[PDB]
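In what follows, a single structure is set out as structure tokens and then discussed.
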There are 4 protein chains.
Amino acid sequence: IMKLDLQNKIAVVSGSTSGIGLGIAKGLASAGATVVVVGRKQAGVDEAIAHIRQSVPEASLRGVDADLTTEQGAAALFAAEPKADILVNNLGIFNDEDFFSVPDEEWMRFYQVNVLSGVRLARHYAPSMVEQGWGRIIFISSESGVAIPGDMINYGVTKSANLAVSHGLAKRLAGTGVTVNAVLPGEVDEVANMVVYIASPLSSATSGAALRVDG
Amino acid sequence: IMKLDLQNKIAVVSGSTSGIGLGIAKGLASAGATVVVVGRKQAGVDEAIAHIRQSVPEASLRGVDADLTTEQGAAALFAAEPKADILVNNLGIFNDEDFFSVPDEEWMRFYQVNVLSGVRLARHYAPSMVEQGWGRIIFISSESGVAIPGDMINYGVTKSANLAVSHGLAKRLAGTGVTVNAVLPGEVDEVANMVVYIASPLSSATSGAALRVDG
Amino acid sequence: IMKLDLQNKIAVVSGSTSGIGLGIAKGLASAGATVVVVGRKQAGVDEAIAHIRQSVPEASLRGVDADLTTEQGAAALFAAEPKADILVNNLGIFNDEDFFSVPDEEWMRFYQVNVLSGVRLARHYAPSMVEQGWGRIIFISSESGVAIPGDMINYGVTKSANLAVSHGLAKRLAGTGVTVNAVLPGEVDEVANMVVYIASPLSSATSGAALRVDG
Amino acid sequence: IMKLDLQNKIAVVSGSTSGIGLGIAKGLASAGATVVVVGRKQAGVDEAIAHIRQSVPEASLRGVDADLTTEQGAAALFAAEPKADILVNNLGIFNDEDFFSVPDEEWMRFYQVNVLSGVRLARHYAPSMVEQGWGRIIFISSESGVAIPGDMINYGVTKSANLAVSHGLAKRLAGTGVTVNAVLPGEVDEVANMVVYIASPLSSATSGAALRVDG
């Protein structure tokens, strides 16, 4: 007598060539999903796929070398992978430039890279999820999003913007089989476990939430 | 390739003879734990165990007929079940008496029944969890705890008090292997799935959180 | 051209013989209200009234020597001061006893002293406020109420319980002229300024809020 | 014996030619400040100044006809009004376009109009505030910012982004005499009363907060 995290589903994970994204990809692969590793450089994609195979032997893995911060990379991903049952928004940049030194262009660029990329991926993949009556959309945002640090104001603003995006799209997709949730990290596999549970069919009564996986 | 919710652990669940508590007990049993069903009347305990066996055939189930709102019932439970790896605080009462009609005795009784019972169970079972280096303590509190309704002020106060209890004991037990979390319901098995994941060894990086399982 | 914080109103403040309560009393007195200083010992009440007069010369001040933690002291206060336009709940105790050492009696006593005292005062003074169509009820709760520390679990539980009380009674008294709000301190006159604004007729569109006055 | 909201200070208020902004301007003027009314059309600026004078007779009022959403309008405002002791960020647009119909350009435009305009004004006016050791920066954001509606996802994202901006810049300007706070409306003068108190020297121990003025 046990309970399972199991998939015959397709899961795309942005920025999955390193760190938390790679751990999420490896966990979803170990759960039996078809995981799409997406990075700007094909070399990093290949090395991430190899790392995943090291741990999960019979892993179901594809790769797309694209820059999801731009519309061109998003279109390339949509061409190679038109359908996703699980979307994991994890691509994001970060600096610590002082508030009075960061110009308008940098604010707009951080918004376009950290927020609008996930919005693009969700806008593309959500309709088919709604049609099949089941879907999972998961935003990975740091705890800096709830309490903006003060030396990283741009980044915290983008993180809370992502939290808002996931909350609002959850309310918008309510009633369908698609859930939208955010996951907050601060042991990488421990973080990935929560993303796996959320992507699993068991998290079906959790939408518009923010789930913490800090220490 | 899949991922598991599995137990060789003992899990006691208060008020587990009906409703959300019974669903939590059934889910933990299906996950392979040894679930202790606790109710005031032994008849209800037996019927709940039978209901659980209906769905999970080889279920590992014990029962204790006790009134956990009182110290006598808590002592009886501690005599029959001295050790727990997983504790699920779910016993609680509720009315809708107008704020200006409810007297002091009723405020104190609601606090003793809804809050201090869980405090008693946690105070007893937490030390052995800390000694073995692993444990799970889970509070089931309604969404009325975050936004106190106004026609149910006593109940909402007790619910937010429970949220405070779980947050504080999580911080107190940090560094040990024991996590303390709260779960917020508003499909009973869907609620139970979150409690099962939290009770599972995978939720090991989630402590002091409030997890929603509303629609 | 200026704007005023002015009163012809009666304001009772619990635990107003020292510290934050005394500062709140002095600020409300300087704003022109009739402030009732309440403490267990008449000597402390007299010395607090004298301190207030030191700063505000033509202060409107009465005193009641009562122990508001008990029903007897509350009844004495209601006998000496049957009507209040402004109620400020500030009486509360605090220790740092370890969670596993504090017994049931101490949990119940902290609830009765820190939470039920304010509930008693509000239950008595709110109806006349609702009748005259205007009233202010203000709970003073520390920031430990939103993030329970872990070494002061009982106190944080009571503080969040008070926050719940104020939120719920605000919703219950909505539509009337009575507002219920909580004020969170961590310069005592700086704290008192917020309480004065809330007690003033200008805060009339703020009910069920938690207002911070930390550094 | 009373307490005062008084100014010899300069207060600039964006989008102050109508609605909540005009009410905030009128309240700050009645409190005795020098209020700068800023709108895109000089006709609207003049009519707003006239409306303010109708209620406060000896009002201290200047005007700037500029479009603060653009850098050109912000530079014009900074040329006409190089110094501000009080800054009130209120300029913002809003639609209800469905999430799947709103394109990238619209997301970026909403971010630039609703968020980056206030960031520009704050970046310009905050240093002189920090130099003189006293300042107030106030963001007016709707309650849609804390609970993103779902049919207005772009707008709610921008509102929570503004909340993040004010929180982070408050932490960044902590220790100086400048406070940064957000005010949440859902009787316009009732809203303006809170902004006036925050702009007043009495709100000096409140920074990084979100203050509600809904019904």
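Going through the structure tokens in order, the chains are called A, B, and so on, while each chain numbers its residues from 1 and the ligands are numbered from 1 in the order shown.
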
Counting only C-alpha atoms, give me one row per residue of chain B with an atom at most 7 Å from an atom of chain A, showing the shortest contact pair and its distance in Å to one decimal, sorted by chain then residue number, as CSV.
```
residue,atom,partner,partner_atom,distance
B:1,CA,A:32,CA,4.8
B:2,CA,A:31,CA,4.1
B:3,CA,A:5,CA,4.8
B:4,CA,A:4,CA,4.6
B:5,CA,A:3,CA,4.8
B:6,CA,A:2,CA,5.2
B:30,CA,A:1,CA,5.5
B:31,CA,A:2,CA,4.1
B:32,CA,A:1,CA,4.8
B:190,CA,A:205,CA,5.9
B:191,CA,A:205,CA,7.0
B:193,CA,A:202,CA,6.0
B:194,CA,A:203,CA,6.9
B:202,CA,A:193,CA,6.0
B:203,CA,A:194,CA,6.9
B:204,CA,A:190,CA,6.7
B:205,CA,A:213,CA,5.3
B:206,CA,A:213,CA,5.0
B:209,CA,A:212,CA,6.7
B:211,CA,A:211,CA,6.7
B:212,CA,A:206,CA,6.3
B:213,CA,A:206,CA,5.0
B:214,CA,A:205,CA,6.1
B:215,CA,A:205,CA,5.5
```

Output as a count of residues only all residues of range 1-212 of chain D that backbone DSSP marks as alpha helix (DSSP H). 93

For a test of reading the model, state the distance in Å between CA of residue 70 in chain D and CA of residue 112 in chain D, rounded to one decimal.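 We find that CA of residue 70 in chain D and CA of residue 112 in chain D lie 8.4 Å from each other.
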
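Between CA of residue 154 in chain A and CA of residue 127 in chain D there is a distance of 18.4 Å.
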
Report as a list in words all protein, DNA and RNA residues lying within 9 Å of residue 152 in chain B, evaluated on only C-alpha atoms, omitting residues in the same chain fewer than 5 positions from it.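 My reading of the contact set: residues 94, 95, 96, 97, 98, 99, 144 and 157 of chain B; 168 of chain C.
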
Report as a Markdown table the residues of range 6-36 of chain C within 10 Å of range 128-137 of chain C, each with its shortest atom pair and distance in Å (one decimal), using only C-alpha atoms, ordered by chain and increasing residue number.
```
| residue | atom | partner | partner_atom | distance |
| --- | --- | --- | --- | --- |
| C:9 | CA | C:135 | CA | 9.5 |
| C:11 | CA | C:136 | CA | 8.9 |
| C:12 | CA | C:137 | CA | 9.9 |
```

Quote the spacing between CA of residue 184 in chain A and CA of residue 142 in chain A in Å to one decimal place. 5.1 Å

Could you give me, as a list in words, the residues within 6 Å of residue 17 in chain D, counting only C-alpha atoms and dropping anything in the same chain fewer than 6 positions from it?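 After dropping sequence-adjacent residues, the list is residues 39, 44, 45 and 48 of chain D.
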
Suppose we keep N, CA and C atoms; can you now write the selection as a PDB file, in the first residue's frame?
```
ATOM      1  N   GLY D  39      -0.952  67.066 -14.739  1.00  0.00           N
ATOM      2  CA  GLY D  39      -1.758  66.335 -15.698  1.00  0.00           C
ATOM      3  C   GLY D  39      -1.229  66.577 -17.095  1.00  0.00           C
ATOM      4  N   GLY D  44      -7.035  70.650 -17.856  1.00  0.00           N
ATOM      5  CA  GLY D  44      -7.401  69.849 -16.701  1.00  0.00           C
ATOM      6  C   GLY D  44      -6.682  70.288 -15.441  1.00  0.00           C
ATOM      7  N   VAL D  45      -5.409  70.671 -15.572  1.00  0.00           N
ATOM      8  CA  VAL D  45      -4.654  71.168 -14.424  1.00  0.00           C
ATOM      9  C   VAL D  45      -5.316  72.418 -13.857  1.00  0.00           C
ATOM     10  N   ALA D  48      -8.604  71.591 -12.132  1.00  0.00           N
ATOM     11  CA  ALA D  48      -8.364  70.943 -10.847  1.00  0.00           C
ATOM     12  C   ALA D  48      -7.928  71.952  -9.791  1.00  0.00           C
TER      13      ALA D  48
END
```
